[PDB]
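Visitor: Below you will find the structure I want to go over with you.
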Amino acid sequence: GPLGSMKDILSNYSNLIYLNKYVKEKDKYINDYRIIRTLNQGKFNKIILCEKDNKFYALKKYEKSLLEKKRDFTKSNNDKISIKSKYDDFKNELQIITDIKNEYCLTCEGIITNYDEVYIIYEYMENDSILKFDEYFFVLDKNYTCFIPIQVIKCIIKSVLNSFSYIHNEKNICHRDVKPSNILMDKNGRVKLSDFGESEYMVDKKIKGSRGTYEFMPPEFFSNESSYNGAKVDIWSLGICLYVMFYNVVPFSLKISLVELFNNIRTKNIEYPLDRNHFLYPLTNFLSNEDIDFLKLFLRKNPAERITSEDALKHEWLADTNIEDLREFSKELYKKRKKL
Ligand SMILES: NC1=NC(=O)C([C@@H]2CCNC(=O)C3=NC(Br)=CC32)=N1
């Protein structure tokens, strides 16, 4: 149960670098990585775009002294209350990051620390996330409202599935937070699963839940079960990601107030119209039977009836996948970002 000190966790890491910040002229460095701008601030960590050798990198900053103060209740097994700081959570996130090595997952290239401040060195995925959220999901702009073409979606889904194969099957890790935010894309254009901050190791293929992002949580979480199968949880979440990719919106879980949310998921049936339906009125093409055939296999309420990562991978939908679809999109999308 109890993980040790950070030192004990990183005691087996082979590329642990000693923290050295410094300032040369108007520029701020972290071990030769020049600080450009912060790409995204998640208020448990920030992600920093950096430069070293005419190459771009992305360095996830964590801070022990800031994280150990944030302390929520968890309630133990034994009546007597237990407390867990968000730093405890990071201890587990480290261990995980420390052993992800995969071409479909975001793998770190080295960890920089002084045992308080941590910087995790990742490759820079020039196209940020799969989609960006602001009152709704969009590709590039709020004024330009484009839908990711289906021929390209396939790749994205195929690519993440492969990630799933590695974390579930090779590593025995459940992601527990599959989200457009965490599905990252470069210019070339590969797609890699990232962010392991809710991830944990499975026990006989299962997890102990009520943790992640509410609209991406499976119906199981709303039964009297305590152990849910980890793989299928990730799969459901990918289903939501697909739904989001389809109609650029969250399913029945349309935010506003969240009792409506938690009371719907477990029993309410998902409506499957044609792309712009949900998105028409905050502005004032579409899809086929086969498209929904695949998404429904993902979003089945009973998880045992829900499609495996195995069956999904070898399905008729992804049979006609072409990486040239993802390549052109990613290369063109990158062209539009450069000066935006
Ligand atoms: N949730 C996230 N965990 C992460 O490690 C990231 C990264 C770091 C990987 N590389 C990049 O280039 C990124 N661009 C953007 Br936006 C975010 C990220 N996000």
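Note on naming: chains are A, B, ... as they come in the structure tokens, residues start from 1 per chain, ligands start from 1 in the order shown.
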Please identify all polymer residues within 6 Å of region 49-64 of chain A, counting only C-alpha atoms, omitting same-chain residues fewer than 3 positions from it, and present them as a ChimeraX atom specification.

Guide: /A:33-39,45-46,67-68,116-124

Visitor: As a PDB file with N, CA, C and O atoms, in the first residue's frame, please: every residue in region 69-280 of chain A that DSSP puts in helix (DSSP H, G or I).

Guide:
```pdb
ATOM      1  N   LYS A  86      -2.534  15.303  -2.270  1.00  0.00           N
ATOM      2  CA  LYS A  86      -2.329  15.132  -3.699  1.00  0.00           C
ATOM      3  C   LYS A  86      -0.897  14.718  -4.044  1.00  0.00           C
ATOM      4  O   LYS A  86      -0.628  14.285  -5.164  1.00  0.00           O
ATOM      5  N   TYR A  87       0.009  14.823  -3.074  1.00  0.00           N
ATOM      6  CA  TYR A  87       1.386  14.356  -3.259  1.00  0.00           C
ATOM      7  C   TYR A  87       1.517  12.834  -3.210  1.00  0.00           C
ATOM      8  O   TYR A  87       2.243  12.255  -4.025  1.00  0.00           O
ATOM      9  N   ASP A  88       0.806  12.199  -2.269  1.00  0.00           N
ATOM     10  CA  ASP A  88       0.613  10.741  -2.272  1.00  0.00           C
ATOM     11  C   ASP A  88       0.220  10.235  -3.681  1.00  0.00           C
ATOM     12  O   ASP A  88       0.781   9.248  -4.181  1.00  0.00           O
ATOM     13  N   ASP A  89      -0.736  10.928  -4.304  1.00  0.00           N
ATOM     14  CA  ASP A  89      -1.213  10.605  -5.649  1.00  0.00           C
ATOM     15  C   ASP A  89      -0.108  10.678  -6.677  1.00  0.00           C
ATOM     16  O   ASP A  89      -0.059   9.868  -7.604  1.00  0.00           O
ATOM     17  N   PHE A  90       0.768  11.661  -6.513  1.00  0.00           N
ATOM     18  CA  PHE A  90       1.887  11.850  -7.419  1.00  0.00           C
ATOM     19  C   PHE A  90       2.923  10.735  -7.251  1.00  0.00           C
ATOM     20  O   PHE A  90       3.485  10.250  -8.237  1.00  0.00           O
ATOM     21  N   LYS A  91       3.176  10.335  -6.005  1.00  0.00           N
ATOM     22  CA  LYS A  91       4.046   9.200  -5.733  1.00  0.00           C
ATOM     23  C   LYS A  91       3.692   8.041  -6.660  1.00  0.00           C
ATOM     24  O   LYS A  91       4.571   7.481  -7.303  1.00  0.00           O
ATOM     25  N   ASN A  92       2.404   7.712  -6.751  1.00  0.00           N
ATOM     26  CA  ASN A  92       1.928   6.645  -7.636  1.00  0.00           C
ATOM     27  C   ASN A  92       2.046   6.991  -9.127  1.00  0.00           C
ATOM     28  O   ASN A  92       2.426   6.140  -9.941  1.00  0.00           O
ATOM     29  N   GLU A  93       1.726   8.235  -9.478  1.00  0.00           N
ATOM     30  CA  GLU A  93       1.917   8.717 -10.844  1.00  0.00           C
ATOM     31  C   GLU A  93       3.377   8.602 -11.298  1.00  0.00           C
ATOM     32  O   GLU A  93       3.638   8.265 -12.449  1.00  0.00           O
ATOM     33  N   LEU A  94       4.320   8.882 -10.403  1.00  0.00           N
ATOM     34  CA  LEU A  94       5.742   8.718 -10.720  1.00  0.00           C
ATOM     35  C   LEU A  94       6.080   7.284 -11.109  1.00  0.00           C
ATOM     36  O   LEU A  94       6.449   7.012 -12.255  1.00  0.00           O
ATOM     37  N   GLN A  95       5.937   6.378 -10.142  1.00  0.00           N
ATOM     38  CA  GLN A  95       6.126   4.953 -10.354  1.00  0.00           C
ATOM     39  C   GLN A  95       5.651   4.537 -11.737  1.00  0.00           C
ATOM     40  O   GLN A  95       6.323   3.781 -12.429  1.00  0.00           O
ATOM     41  N   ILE A  96       4.495   5.047 -12.142  1.00  0.00           N
ATOM     42  CA  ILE A  96       3.920   4.658 -13.411  1.00  0.00           C
ATOM     43  C   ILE A  96       4.745   5.234 -14.568  1.00  0.00           C
ATOM     44  O   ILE A  96       5.265   4.485 -15.397  1.00  0.00           O
ATOM     45  N   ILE A  97       4.889   6.555 -14.587  1.00  0.00           N
ATOM     46  CA  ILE A  97       5.703   7.259 -15.569  1.00  0.00           C
ATOM     47  C   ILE A  97       7.070   6.612 -15.680  1.00  0.00           C
ATOM     48  O   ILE A  97       7.658   6.530 -16.765  1.00  0.00           O
ATOM     49  N   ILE A 150     -13.959  11.248 -40.668  1.00  0.00           N
ATOM     50  CA  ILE A 150     -14.066   9.904 -40.097  1.00  0.00           C
ATOM     51  C   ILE A 150     -12.850   9.033 -40.435  1.00  0.00           C
ATOM     52  O   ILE A 150     -12.306   8.343 -39.572  1.00  0.00           O
ATOM     53  N   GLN A 151     -12.419   9.110 -41.693  1.00  0.00           N
ATOM     54  CA  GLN A 151     -11.215   8.442 -42.189  1.00  0.00           C
ATOM     55  C   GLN A 151      -9.976   8.707 -41.318  1.00  0.00           C
ATOM     56  O   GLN A 151      -9.061   7.887 -41.278  1.00  0.00           O
ATOM     57  N   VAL A 152      -9.965   9.852 -40.633  1.00  0.00           N
ATOM     58  CA  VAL A 152      -8.872  10.247 -39.742  1.00  0.00           C
ATOM     59  C   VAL A 152      -9.141   9.776 -38.313  1.00  0.00           C
ATOM     60  O   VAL A 152      -8.211   9.350 -37.614  1.00  0.00           O
ATOM     61  N   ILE A 153     -10.404   9.859 -37.884  1.00  0.00           N
ATOM     62  CA  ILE A 153     -10.826   9.373 -36.566  1.00  0.00           C
ATOM     63  C   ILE A 153     -10.359   7.937 -36.377  1.00  0.00           C
ATOM     64  O   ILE A 153      -9.689   7.633 -35.401  1.00  0.00           O
ATOM     65  N   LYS A 154     -10.694   7.073 -37.333  1.00  0.00           N
ATOM     66  CA  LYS A 154     -10.244   5.681 -37.337  1.00  0.00           C
ATOM     67  C   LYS A 154      -8.812   5.525 -36.827  1.00  0.00           C
ATOM     68  O   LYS A 154      -8.586   4.846 -35.828  1.00  0.00           O
ATOM     69  N   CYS A 155      -7.859   6.171 -37.499  1.00  0.00           N
ATOM     70  CA  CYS A 155      -6.458   6.158 -37.067  1.00  0.00           C
ATOM     71  C   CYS A 155      -6.322   6.481 -35.585  1.00  0.00           C
ATOM     72  O   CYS A 155      -5.760   5.695 -34.826  1.00  0.00           O
ATOM     73  N   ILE A 156      -6.855   7.630 -35.175  1.00  0.00           N
ATOM     74  CA  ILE A 156      -6.780   8.062 -33.782  1.00  0.00           C
ATOM     75  C   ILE A 156      -7.223   6.959 -32.823  1.00  0.00           C
ATOM     76  O   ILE A 156      -6.541   6.664 -31.841  1.00  0.00           O
ATOM     77  N   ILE A 157      -8.365   6.356 -33.134  1.00  0.00           N
ATOM     78  CA  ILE A 157      -8.952   5.278 -32.345  1.00  0.00           C
ATOM     79  C   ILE A 157      -8.072   4.022 -32.361  1.00  0.00           C
ATOM     80  O   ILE A 157      -7.871   3.373 -31.329  1.00  0.00           O
ATOM     81  N   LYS A 158      -7.555   3.694 -33.542  1.00  0.00           N
ATOM     82  CA  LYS A 158      -6.669   2.551 -33.723  1.00  0.00           C
ATOM     83  C   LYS A 158      -5.413   2.763 -32.888  1.00  0.00           C
ATOM     84  O   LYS A 158      -4.954   1.861 -32.179  1.00  0.00           O
ATOM     85  N   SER A 159      -4.877   3.975 -32.962  1.00  0.00           N
ATOM     86  CA  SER A 159      -3.644   4.306 -32.273  1.00  0.00           C
ATOM     87  C   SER A 159      -3.784   4.179 -30.755  1.00  0.00           C
ATOM     88  O   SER A 159      -2.903   3.615 -30.100  1.00  0.00           O
ATOM     89  N   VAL A 160      -4.899   4.674 -30.212  1.00  0.00           N
ATOM     90  CA  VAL A 160      -5.160   4.609 -28.770  1.00  0.00           C
ATOM     91  C   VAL A 160      -5.388   3.177 -28.280  1.00  0.00           C
ATOM     92  O   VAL A 160      -4.904   2.792 -27.215  1.00  0.00           O
ATOM     93  N   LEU A 161      -6.134   2.403 -29.065  1.00  0.00           N
ATOM     94  CA  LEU A 161      -6.318   0.975 -28.842  1.00  0.00           C
ATOM     95  C   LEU A 161      -4.993   0.233 -28.642  1.00  0.00           C
ATOM     96  O   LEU A 161      -4.855  -0.572 -27.723  1.00  0.00           O
ATOM     97  N   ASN A 162      -4.025   0.509 -29.511  1.00  0.00           N
ATOM     98  CA  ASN A 162      -2.682  -0.031 -29.359  1.00  0.00           C
ATOM     99  C   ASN A 162      -2.045   0.372 -28.024  1.00  0.00           C
ATOM    100  O   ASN A 162      -1.398  -0.454 -27.380  1.00  0.00           O
ATOM    101  N   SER A 163      -2.237   1.628 -27.607  1.00  0.00           N
ATOM    102  CA  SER A 163      -1.800   2.072 -26.277  1.00  0.00           C
ATOM    103  C   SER A 163      -2.413   1.175 -25.211  1.00  0.00           C
ATOM    104  O   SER A 163      -1.721   0.714 -24.301  1.00  0.00           O
ATOM    105  N   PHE A 164      -3.722   0.947 -25.340  1.00  0.00           N
ATOM    106  CA  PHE A 164      -4.486   0.109 -24.428  1.00  0.00           C
ATOM    107  C   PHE A 164      -3.894  -1.284 -24.351  1.00  0.00           C
ATOM    108  O   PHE A 164      -3.764  -1.842 -23.259  1.00  0.00           O
ATOM    109  N   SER A 165      -3.525  -1.833 -25.507  1.00  0.00           N
ATOM    110  CA  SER A 165      -2.893  -3.146 -25.560  1.00  0.00           C
ATOM    111  C   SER A 165      -1.651  -3.189 -24.672  1.00  0.00           C
ATOM    112  O   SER A 165      -1.421  -4.168 -23.972  1.00  0.00           O
ATOM    113  N   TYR A 166      -0.869  -2.115 -24.682  1.00  0.00           N
ATOM    114  CA  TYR A 166       0.356  -2.067 -23.894  1.00  0.00           C
ATOM    115  C   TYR A 166       0.095  -1.876 -22.395  1.00  0.00           C
ATOM    116  O   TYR A 166       0.645  -2.606 -21.573  1.00  0.00           O
ATOM    117  N   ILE A 167      -0.743  -0.906 -22.040  1.00  0.00           N
ATOM    118  CA  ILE A 167      -0.978  -0.617 -20.619  1.00  0.00           C
ATOM    119  C   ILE A 167      -1.741  -1.737 -19.906  1.00  0.00           C
ATOM    120  O   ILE A 167      -1.332  -2.165 -18.822  1.00  0.00           O
ATOM    121  N   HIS A 168      -2.820  -2.224 -20.526  1.00  0.00           N
ATOM    122  CA  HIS A 168      -3.595  -3.317 -19.959  1.00  0.00           C
ATOM    123  C   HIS A 168      -2.771  -4.585 -19.970  1.00  0.00           C
ATOM    124  O   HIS A 168      -2.543  -5.192 -18.921  1.00  0.00           O
ATOM    125  N   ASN A 169      -2.311  -4.976 -21.156  1.00  0.00           N
ATOM    126  CA  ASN A 169      -1.759  -6.318 -21.339  1.00  0.00           C
ATOM    127  C   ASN A 169      -0.299  -6.516 -20.928  1.00  0.00           C
ATOM    128  O   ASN A 169       0.026  -7.480 -20.232  1.00  0.00           O
ATOM    129  N   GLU A 170       0.572  -5.597 -21.336  1.00  0.00           N
ATOM    130  CA  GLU A 170       1.991  -5.696 -20.998  1.00  0.00           C
ATOM    131  C   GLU A 170       2.280  -5.141 -19.602  1.00  0.00           C
ATOM    132  O   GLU A 170       2.965  -5.774 -18.798  1.00  0.00           O
ATOM    133  N   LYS A 171       1.730  -3.975 -19.305  1.00  0.00           N
ATOM    134  CA  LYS A 171       2.065  -3.291 -18.070  1.00  0.00           C
ATOM    135  C   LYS A 171       1.101  -3.541 -16.913  1.00  0.00           C
ATOM    136  O   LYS A 171       1.492  -3.410 -15.749  1.00  0.00           O
ATOM    137  N   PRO A 180     -10.091  13.397 -24.671  1.00  0.00           N
ATOM    138  CA  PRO A 180      -9.488  14.162 -25.763  1.00  0.00           C
ATOM    139  C   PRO A 180      -8.233  14.939 -25.329  1.00  0.00           C
ATOM    140  O   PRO A 180      -7.257  15.013 -26.089  1.00  0.00           O
ATOM    141  N   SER A 181      -8.264  15.491 -24.115  1.00  0.00           N
ATOM    142  CA  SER A 181      -7.141  16.223 -23.529  1.00  0.00           C
ATOM    143  C   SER A 181      -5.871  15.378 -23.479  1.00  0.00           C
ATOM    144  O   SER A 181      -4.771  15.891 -23.684  1.00  0.00           O
ATOM    145  N   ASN A 182      -6.030  14.085 -23.211  1.00  0.00           N
ATOM    146  CA  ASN A 182      -4.902  13.195 -22.976  1.00  0.00           C
ATOM    147  C   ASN A 182      -4.439  12.450 -24.223  1.00  0.00           C
ATOM    148  O   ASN A 182      -3.455  11.695 -24.185  1.00  0.00           O
ATOM    149  N   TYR A 214     -15.728  13.032 -14.492  1.00  0.00           N
ATOM    150  CA  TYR A 214     -17.105  12.576 -14.291  1.00  0.00           C
ATOM    151  C   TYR A 214     -17.835  12.114 -15.551  1.00  0.00           C
ATOM    152  O   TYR A 214     -18.415  11.026 -15.564  1.00  0.00           O
ATOM    153  N   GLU A 215     -17.795  12.926 -16.609  1.00  0.00           N
ATOM    154  CA  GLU A 215     -18.511  12.598 -17.857  1.00  0.00           C
ATOM    155  C   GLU A 215     -17.915  11.414 -18.631  1.00  0.00           C
ATOM    156  O   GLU A 215     -18.510  10.930 -19.599  1.00  0.00           O
ATOM    157  N   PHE A 216     -16.751  10.948 -18.191  1.00  0.00           N
ATOM    158  CA  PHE A 216     -16.063   9.854 -18.851  1.00  0.00           C
ATOM    159  C   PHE A 216     -16.132   8.582 -18.014  1.00  0.00           C
ATOM    160  O   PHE A 216     -15.633   7.527 -18.422  1.00  0.00           O
ATOM    161  N   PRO A 219     -20.971   3.519 -16.410  1.00  0.00           N
ATOM    162  CA  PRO A 219     -22.179   3.283 -15.602  1.00  0.00           C
ATOM    163  C   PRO A 219     -21.946   2.390 -14.383  1.00  0.00           C
ATOM    164  O   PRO A 219     -22.647   2.534 -13.381  1.00  0.00           O
ATOM    165  N   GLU A 220     -20.972   1.483 -14.473  1.00  0.00           N
ATOM    166  CA  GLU A 220     -20.620   0.577 -13.371  1.00  0.00           C
ATOM    167  C   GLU A 220     -20.444   1.336 -12.064  1.00  0.00           C
ATOM    168  O   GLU A 220     -20.927   0.908 -11.011  1.00  0.00           O
ATOM    169  N   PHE A 221     -19.749   2.467 -12.157  1.00  0.00           N
ATOM    170  CA  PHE A 221     -19.469   3.333 -11.024  1.00  0.00           C
ATOM    171  C   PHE A 221     -20.734   3.718 -10.265  1.00  0.00           C
ATOM    172  O   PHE A 221     -20.648   4.288  -9.186  1.00  0.00           O
ATOM    173  N   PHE A 222     -21.900   3.399 -10.824  1.00  0.00           N
ATOM    174  CA  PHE A 222     -23.177   3.812 -10.246  1.00  0.00           C
ATOM    175  C   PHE A 222     -24.027   2.618  -9.816  1.00  0.00           C
ATOM    176  O   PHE A 222     -25.245   2.728  -9.621  1.00  0.00           O
ATOM    177  N   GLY A 230     -10.811  -3.069 -15.129  1.00  0.00           N
ATOM    178  CA  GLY A 230     -10.058  -1.898 -15.571  1.00  0.00           C
ATOM    179  C   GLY A 230     -10.054  -1.636 -17.064  1.00  0.00           C
ATOM    180  O   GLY A 230     -10.216  -0.492 -17.493  1.00  0.00           O
ATOM    181  N   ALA A 231      -9.854  -2.688 -17.859  1.00  0.00           N
ATOM    182  CA  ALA A 231      -9.806  -2.550 -19.318  1.00  0.00           C
ATOM    183  C   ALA A 231     -11.070  -1.866 -19.834  1.00  0.00           C
ATOM    184  O   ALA A 231     -10.990  -0.828 -20.494  1.00  0.00           O
ATOM    185  N   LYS A 232     -12.230  -2.424 -19.477  1.00  0.00           N
ATOM    186  CA  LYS A 232     -13.538  -1.956 -19.959  1.00  0.00           C
ATOM    187  C   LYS A 232     -13.860  -0.501 -19.567  1.00  0.00           C
ATOM    188  O   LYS A 232     -14.629   0.187 -20.253  1.00  0.00           O
ATOM    189  N   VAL A 233     -13.268  -0.054 -18.460  1.00  0.00           N
ATOM    190  CA  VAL A 233     -13.416   1.311 -17.983  1.00  0.00           C
ATOM    191  C   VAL A 233     -12.723   2.247 -18.966  1.00  0.00           C
ATOM    192  O   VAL A 233     -13.299   3.257 -19.380  1.00  0.00           O
ATOM    193  N   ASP A 234     -11.495   1.898 -19.347  1.00  0.00           N
ATOM    194  CA  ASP A 234     -10.734   2.659 -20.338  1.00  0.00           C
ATOM    195  C   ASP A 234     -11.466   2.683 -21.683  1.00  0.00           C
ATOM    196  O   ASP A 234     -11.559   3.736 -22.323  1.00  0.00           O
ATOM    197  N   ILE A 235     -12.000   1.523 -22.075  1.00  0.00           N
ATOM    198  CA  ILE A 235     -12.767   1.354 -23.310  1.00  0.00           C
ATOM    199  C   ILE A 235     -14.007   2.263 -23.355  1.00  0.00           C
ATOM    200  O   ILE A 235     -14.262   2.922 -24.368  1.00  0.00           O
ATOM    201  N   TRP A 236     -14.777   2.292 -22.266  1.00  0.00           N
ATOM    202  CA  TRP A 236     -15.931   3.183 -22.181  1.00  0.00           C
ATOM    203  C   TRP A 236     -15.472   4.606 -22.440  1.00  0.00           C
ATOM    204  O   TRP A 236     -16.038   5.319 -23.272  1.00  0.00           O
ATOM    205  N   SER A 237     -14.433   5.011 -21.719  1.00  0.00           N
ATOM    206  CA  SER A 237     -13.912   6.355 -21.851  1.00  0.00           C
ATOM    207  C   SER A 237     -13.506   6.661 -23.284  1.00  0.00           C
ATOM    208  O   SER A 237     -13.777   7.752 -23.779  1.00  0.00           O
ATOM    209  N   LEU A 238     -12.901   5.697 -23.964  1.00  0.00           N
ATOM    210  CA  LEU A 238     -12.568   5.885 -25.366  1.00  0.00           C
ATOM    211  C   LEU A 238     -13.835   6.065 -26.199  1.00  0.00           C
ATOM    212  O   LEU A 238     -13.849   6.824 -27.172  1.00  0.00           O
ATOM    213  N   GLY A 239     -14.899   5.375 -25.801  1.00  0.00           N
ATOM    214  CA  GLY A 239     -16.191   5.516 -26.460  1.00  0.00           C
ATOM    215  C   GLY A 239     -16.685   6.947 -26.406  1.00  0.00           C
ATOM    216  O   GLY A 239     -17.171   7.482 -27.405  1.00  0.00           O
ATOM    217  N   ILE A 240     -16.550   7.570 -25.236  1.00  0.00           N
ATOM    218  CA  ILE A 240     -16.927   8.968 -25.063  1.00  0.00           C
ATOM    219  C   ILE A 240     -16.059   9.833 -25.972  1.00  0.00           C
ATOM    220  O   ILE A 240     -16.567  10.735 -26.648  1.00  0.00           O
ATOM    221  N   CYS A 241     -14.758   9.539 -25.999  1.00  0.00           N
ATOM    222  CA  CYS A 241     -13.823  10.253 -26.868  1.00  0.00           C
ATOM    223  C   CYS A 241     -14.273  10.166 -28.320  1.00  0.00           C
ATOM    224  O   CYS A 241     -14.226  11.161 -29.046  1.00  0.00           O
ATOM    225  N   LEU A 242     -14.734   8.982 -28.723  1.00  0.00           N
ATOM    226  CA  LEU A 242     -15.254   8.776 -30.071  1.00  0.00           C
ATOM    227  C   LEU A 242     -16.522   9.589 -30.303  1.00  0.00           C
ATOM    228  O   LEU A 242     -16.664  10.236 -31.345  1.00  0.00           O
ATOM    229  N   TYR A 243     -17.433   9.551 -29.329  1.00  0.00           N
ATOM    230  CA  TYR A 243     -18.668  10.334 -29.383  1.00  0.00           C
ATOM    231  C   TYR A 243     -18.341  11.810 -29.548  1.00  0.00           C
ATOM    232  O   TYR A 243     -18.899  12.480 -30.421  1.00  0.00           O
ATOM    233  N   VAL A 244     -17.423  12.293 -28.708  1.00  0.00           N
ATOM    234  CA  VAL A 244     -16.901  13.661 -28.771  1.00  0.00           C
ATOM    235  C   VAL A 244     -16.298  13.972 -30.144  1.00  0.00           C
ATOM    236  O   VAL A 244     -16.495  15.059 -30.681  1.00  0.00           O
ATOM    237  N   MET A 245     -15.574  13.013 -30.716  1.00  0.00           N
ATOM    238  CA  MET A 245     -15.013  13.187 -32.051  1.00  0.00           C
ATOM    239  C   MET A 245     -16.098  13.217 -33.111  1.00  0.00           C
ATOM    240  O   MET A 245     -15.987  13.934 -34.103  1.00  0.00           O
ATOM    241  N   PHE A 246     -17.154  12.443 -32.885  1.00  0.00           N
ATOM    242  CA  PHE A 246     -18.277  12.380 -33.808  1.00  0.00           C
ATOM    243  C   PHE A 246     -19.043  13.694 -33.871  1.00  0.00           C
ATOM    244  O   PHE A 246     -19.106  14.317 -34.925  1.00  0.00           O
ATOM    245  N   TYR A 247     -19.594  14.125 -32.741  1.00  0.00           N
ATOM    246  CA  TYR A 247     -20.470  15.301 -32.712  1.00  0.00           C
ATOM    247  C   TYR A 247     -19.849  16.509 -31.999  1.00  0.00           C
ATOM    248  O   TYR A 247     -20.545  17.484 -31.698  1.00  0.00           O
ATOM    249  N   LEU A 258     -24.937  18.495 -12.460  1.00  0.00           N
ATOM    250  CA  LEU A 258     -24.425  17.115 -12.577  1.00  0.00           C
ATOM    251  C   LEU A 258     -25.205  15.978 -11.886  1.00  0.00           C
ATOM    252  O   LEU A 258     -24.759  14.827 -11.896  1.00  0.00           O
ATOM    253  N   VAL A 259     -26.358  16.274 -11.294  1.00  0.00           N
ATOM    254  CA  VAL A 259     -27.223  15.195 -10.806  1.00  0.00           C
ATOM    255  C   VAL A 259     -27.916  14.595 -12.018  1.00  0.00           C
ATOM    256  O   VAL A 259     -27.955  13.374 -12.188  1.00  0.00           O
ATOM    257  N   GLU A 260     -28.459  15.482 -12.852  1.00  0.00           N
ATOM    258  CA  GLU A 260     -28.900  15.165 -14.204  1.00  0.00           C
ATOM    259  C   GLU A 260     -27.875  14.238 -14.857  1.00  0.00           C
ATOM    260  O   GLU A 260     -28.237  13.210 -15.421  1.00  0.00           O
ATOM    261  N   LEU A 261     -26.597  14.600 -14.742  1.00  0.00           N
ATOM    262  CA  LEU A 261     -25.496  13.791 -15.265  1.00  0.00           C
ATOM    263  C   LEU A 261     -25.481  12.379 -14.671  1.00  0.00           C
ATOM    264  O   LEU A 261     -25.739  11.403 -15.380  1.00  0.00           O
ATOM    265  N   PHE A 262     -25.217  12.286 -13.368  1.00  0.00           N
ATOM    266  CA  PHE A 262     -25.049  11.000 -12.680  1.00  0.00           C
ATOM    267  C   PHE A 262     -26.309  10.128 -12.663  1.00  0.00           C
ATOM    268  O   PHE A 262     -26.218   8.909 -12.509  1.00  0.00           O
ATOM    269  N   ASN A 263     -27.476  10.749 -12.820  1.00  0.00           N
ATOM    270  CA  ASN A 263     -28.734  10.006 -12.904  1.00  0.00           C
ATOM    271  C   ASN A 263     -29.070   9.516 -14.305  1.00  0.00           C
ATOM    272  O   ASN A 263     -29.955   8.671 -14.476  1.00  0.00           O
ATOM    273  N   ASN A 264     -28.372  10.048 -15.303  1.00  0.00           N
ATOM    274  CA  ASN A 264     -28.642   9.668 -16.685  1.00  0.00           C
ATOM    275  C   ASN A 264     -27.782   8.498 -17.164  1.00  0.00           C
ATOM    276  O   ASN A 264     -28.319   7.448 -17.536  1.00  0.00           O
ATOM    277  N   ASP A 275     -23.755  14.573 -36.991  1.00  0.00           N
ATOM    278  CA  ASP A 275     -22.758  15.535 -36.452  1.00  0.00           C
ATOM    279  C   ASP A 275     -23.180  16.881 -35.845  1.00  0.00           C
ATOM    280  O   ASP A 275     -22.992  17.104 -34.646  1.00  0.00           O
ATOM    281  N   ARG A 276     -23.716  17.776 -36.668  1.00  0.00           N
ATOM    282  CA  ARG A 276     -23.954  19.156 -36.244  1.00  0.00           C
ATOM    283  C   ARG A 276     -25.198  19.344 -35.368  1.00  0.00           C
ATOM    284  O   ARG A 276     -25.431  20.438 -34.861  1.00  0.00           O
ATOM    285  N   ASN A 277     -25.978  18.279 -35.179  1.00  0.00           N
ATOM    286  CA  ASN A 277     -27.246  18.356 -34.441  1.00  0.00           C
ATOM    287  C   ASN A 277     -27.137  19.054 -33.088  1.00  0.00           C
ATOM    288  O   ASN A 277     -27.909  19.964 -32.791  1.00  0.00           O
TER     289      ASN A 277
END
```

Visitor: Return as a VMD selection string the full set of residues in region 3-185 of chain A whose backbone-based DSSP assignment is strand (DSSP E or B).

Guide: chain A and resid 16 to 18 21 to 24 27 to 30 33 to 41 46 to 52 55 to 63 71 to 73 83 to 85 105 110 to 113 117 to 123 129 132 to 133 137 to 138 173 to 174 183 to 185

Visitor: Do a neighbour search on residue 329 (chain A) at 9 Å with only C-alpha atoms, toss out local chain neighbours closer than 3 positions, and write the hits as a ChimeraX atom specification.

Guide: /A:148-149,152,187,189,324-326,332-334

Visitor: For the residues in the current selection, export C-alpha atoms as a tab-separated table (two decimals), in the first residue's frame.

Guide:
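again_24.tsv, freshly written:
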```
chain	number	residue	atom	x	y	z
A	148	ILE	CA	-12.46	15.61	-37.68
A	149	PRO	CA	-13.13	13.53	-40.82
A	152	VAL	CA	-8.87	10.25	-39.74
A	187	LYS	CA	2.92	16.86	-37.00
A	189	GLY	CA	1.35	12.62	-37.36
A	324	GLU	CA	-1.98	8.68	-44.96
A	325	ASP	CA	-5.35	10.06	-43.77
A	326	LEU	CA	-3.89	10.90	-40.36
A	332	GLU	CA	-2.16	20.34	-42.75
A	333	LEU	CA	-3.48	21.02	-39.23
A	334	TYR	CA	0.08	21.86	-38.23
```

Visitor: Please provide the set of residues having any atom within 10 Å of residue 279 (chain A), restricted to only C-alpha atoms, with same-chain residues fewer than 3 positions apart removed, written as a compact mmCIF listing (two decimals) with N, CA and C atoms, in the first residue's frame.

Guide:
```txt
# COMPACT_ATOMS: atom_id res chain seq x y z
N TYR A 136 -17.27 23.88 -25.29
CA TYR A 136 -17.47 22.81 -26.27
C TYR A 136 -16.12 22.44 -26.90
N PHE A 137 -16.09 21.31 -27.60
CA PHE A 137 -14.87 20.86 -28.26
C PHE A 137 -14.73 21.48 -29.64
N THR A 145 -15.71 26.05 -37.28
CA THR A 145 -16.17 24.83 -36.60
C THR A 145 -16.06 23.59 -37.50
N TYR A 247 -19.59 14.12 -32.74
CA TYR A 247 -20.47 15.30 -32.71
C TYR A 247 -19.85 16.51 -32.00
N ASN A 248 -18.54 16.44 -31.74
CA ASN A 248 -17.80 17.49 -31.03
C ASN A 248 -18.42 17.92 -29.69
N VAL A 249 -19.08 16.96 -29.04
CA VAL A 249 -19.82 17.23 -27.81
C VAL A 249 -19.84 15.99 -26.93
N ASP A 275 -23.75 14.57 -36.99
CA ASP A 275 -22.76 15.54 -36.45
C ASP A 275 -23.18 16.88 -35.85
N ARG A 276 -23.72 17.78 -36.67
CA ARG A 276 -23.95 19.16 -36.24
C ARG A 276 -25.20 19.34 -35.37
N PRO A 282 -25.61 26.51 -30.79
CA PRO A 282 -24.58 27.47 -30.42
C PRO A 282 -23.69 27.86 -31.62
N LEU A 283 -24.31 28.49 -32.62
CA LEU A 283 -23.63 29.02 -33.81
C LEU A 283 -24.57 29.90 -34.63
N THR A 284 -25.86 29.54 -34.62
CA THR A 284 -26.91 30.22 -35.39
C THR A 284 -27.00 31.73 -35.11
```
